[PDB]
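Encoded as structure tokens, the structure appears first; notes follow it.
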There are 2 protein chains.
Amino acid sequence: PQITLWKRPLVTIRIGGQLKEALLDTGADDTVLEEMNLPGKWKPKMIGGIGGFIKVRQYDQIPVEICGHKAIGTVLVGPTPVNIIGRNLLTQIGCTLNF
Amino acid sequence: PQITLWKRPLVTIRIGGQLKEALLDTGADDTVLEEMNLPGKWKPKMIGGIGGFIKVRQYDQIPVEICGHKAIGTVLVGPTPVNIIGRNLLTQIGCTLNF
Ligand SMILES: OC1(c2ccc(Cl)cc2)CCN(CCCC2(c3ccc(F)cc3)SCCS2)CC1
Ligand SMILES: OC1(c2ccc(Cl)cc2)CCN(CCCC2(c3ccc(F)cc3)SCCS2)CC1
Ligand SMILES: [Cl-]
Ligand SMILES: [Cl-]
């Protein structure tokens, strides 16, 4: 698709057979999702954003379907204000910025 | 141009006669720039990101040139390590997400 940006680029993703709304965010390096329980061993990780550092659990090789497109990659879970799909998965679905 | 997301989408912008680099950020509603002195009146705002809130100063009708494209709009100035171009200016230069 072509998504214009007069509205937030909020998309339905499915992960763990859960449907969630997430923002397509070219300014985020990583995908970070609101607290949820995923099967698997996780690494604790601290990540920094503008208001400060948050503590997240790192899950690798998680399958995620984003607007009908499959991706397999790291998901960081923790206290983000919104579900954010960052560049590690936007690259996998072939996403580019155009102007 | 078409920008892939293998790396951070940093582009060159010009404000005043200052040459700066900035992150193209589809998840940001607002443009937030590093601490600088701009013309006109401003009002404080609190904006929250990952990690919490920062206080910024709001300037309206600032001309910003981003990859040779002219935009004019509100800019929030605050303590950020990166200049972030949000959706309010991204629509002005006709930028879209595509996959
Ligand atoms: O869109 C945001 C946002 C959107 C919506 C909501 Cl509700 C909250 C935040 C999330 C990302 N930040 C920009 C962070 C830029 C830096 C960075 C990039 C990626 C990363 F994972 C960590 C840091 S680049 C160098 C230091 S910060 C703006 C607001
Ligand atoms: O533009 C922001 C910004 C710009 C630049 C920088 Cl550096 C930081 C932030 C500051 C304002 N928020 C407003 C929306 C916040 C909430 C929300 C998020 C996403 C969504 F899809 C719907 C609602 S999150 C929970 C309730 S509204 C977005 C990022
Ligand atoms: Cl942030
Ligand atoms: Cl926010």
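Bear in mind that the values in this text are calculations on the coordinates, not laboratory data. Cβ coordinates were reconstructed from backbone atoms using ideal geometry, including for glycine residues, and neighbour counts include every protein chain displayed.
Sorted from shortest, what are the nm distances separating the label point of B:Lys55 from equivalent points in the other copies, each placed 7 Å from Cα along Cα to C-beta?
List, nearest first: 2.9 nm.
What is region A:28-99 by shape, rounded, prolate or oblate, if you read a ≥ b ≥ c off the alpha carbon gyration tensor as root eigenvalues and call it rounded for a/c under 1.5, prolate for a/b larger than b/c, and oblate otherwise?
Oblate shape, in that a/c is at least 1.5 and b/c is the bigger or equal ratio.
Under the definition of partner shielding as Cβ atoms of other protein chains within 10 Å of a residue Cβ, what is the mean value for peptide B:87-99?
Going residue by residue through B:87-99 and averaging, the value is 6.
Nothing charged except the Cβ atoms of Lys and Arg (+1) and of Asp and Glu (-1): what's the magnitude of the dipole of the protein assembly as shown about its Cα centre? Round to the nearest 20 debye.
That gives the protein assembly as shown a dipole magnitude of about 140 debye.
Provide an ascending nm list, one decimal, of label-point separations from A:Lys7 to the equivalent residue in each further copy; define each label point as 7 Å from Cα along Cα→Cβ.
For A:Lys7, the other copies' label points sit at 3.5 nm, shortest first.
Percent relative contact order of chain A, based on C-alpha pairs within less than 8 angstrom and at least six residues apart?
33 percent
Compute, for chain A, the length of the dipole vector about the Cα centre, with Cβ point charges of +1 (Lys, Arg) and -1 (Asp, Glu) only. Units Debye, rounded to 20.
That gives a dipole near 120 debye.
Please state the Cα pair-distance histogram of the protein assembly as shown with 10 angstrom bins from zero: what percent is in each bin?
9, 36, 34, 17, 4, 0
Pick out, from B:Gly16, B:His69, B:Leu90, the residue whose Cα sits farthest towards the positive end of the charge dipole of chain B, with +1 on the Cβ of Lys and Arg and -1 on the Cβ of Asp and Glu.
B:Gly16
Put the label 7 Å from Cα along Cα→Cβ for B:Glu34; what are its distances to the other copies, in nanometres, shortest first?
Spacings between copies for this position, smallest first, are 3.5 nm.
Identify, among A:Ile47, A:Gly27, A:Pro1, the residue whose Cα sits farthest towards the positive end of the charge dipole of region A:1-87, taking +1 on the Cβ of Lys and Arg and -1 on the Cβ of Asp and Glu, with the dipole about the Cα centre.
Comparing the listed Cα positions along the dipole, A:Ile47 ranks first.
Using a Cα distance threshold of under 17 Å, what count of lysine pairs results for region A:3-82 when pairs must be 8 or more residues apart or interchain?
4
In region A:12-82, what GluC sites (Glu not before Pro) fall in a loop by DSSP, with at most 15 other Cβ atoms inside 10 Å?
Here the sparse-neighbourhood loop sites are A:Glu34, A:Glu35.
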